[PDB]
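The chain that follows stands alone, in the form deposited in one PDB entry, written as structure tokens.
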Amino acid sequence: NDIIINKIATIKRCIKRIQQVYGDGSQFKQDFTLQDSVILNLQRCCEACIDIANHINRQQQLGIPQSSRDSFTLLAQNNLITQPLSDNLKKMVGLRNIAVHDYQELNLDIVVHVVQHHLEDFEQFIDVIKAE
């Protein structure tokens, strides 16, 4: 299957882009261009994860996902992923919407927290989908 390979490669590319543009974080909370790049690549990661989840739900006929969060609920119900991982991907779902607009004062701390604590969730989803 080429779709899954390409989506996994895109998630890896965007994680590398986030880790590179962010660096150590000393310049991140100061420069808005780095923040824009990080936000865009985080949204790309989240969208690609949702795409993989939907494609696997349709492939193995796990069900019809009612939403983008329910697409991970379908994977979790059939024990394809663990409930904590599903809940973290659902967290990431709200990240893309919140970071679209330009409320900078709130989302900056949230974006920093996501970059520091939630890229491992994308990598873990990559790993658990890789075993298929």
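Whichever C-alpha set is largest while still superposing within 1.5 Å between the two forms counts as the rigid core. Residue positions are given as counts along the sequence shown, with the first one as 1.
Judged by mean Cα B factor in the deposited record, 93 to 101 ranks above the other of 30 to 38 and 93 to 101. The mean C-alpha temperature factor is higher for 13 to 21 when 13 to 21 and 108 to 116 are set side by side. Placement of the Cα temperature factor of residue 8 within the chain: middle third of the modelled residues, per the deposited record. The deposited CA B-factor of residue 62 belongs to the highest third of values across its chain.
Placement of the Cα temperature factor of residue 43 within the chain: middle third of the modelled residues, per the deposited record.
The PDB entry assigns residue 88 a C-alpha temperature factor belonging to the lowest third of its chain's modelled residues. Annotation for residue 78: CA B-factor lies in the middle third of the chain's modelled residues.
In what follows, reference is made to the form deposited in another entry, a form of this protein that is not presented.
Comparing C-alpha positions between this form and the one not shown after a rigid core fit, one residue in 107, 37, 57, 88 moves 2 angstroms or more. It is 107. Inter-residue distance, residue 104 to residue 115 (Cα): increased by at least 3 Å in the other entry versus the depicted form. Annotation: residue 20/residue 104 CA-CA distance longer in the other entry than in the displayed model, change of at least 3 Å.
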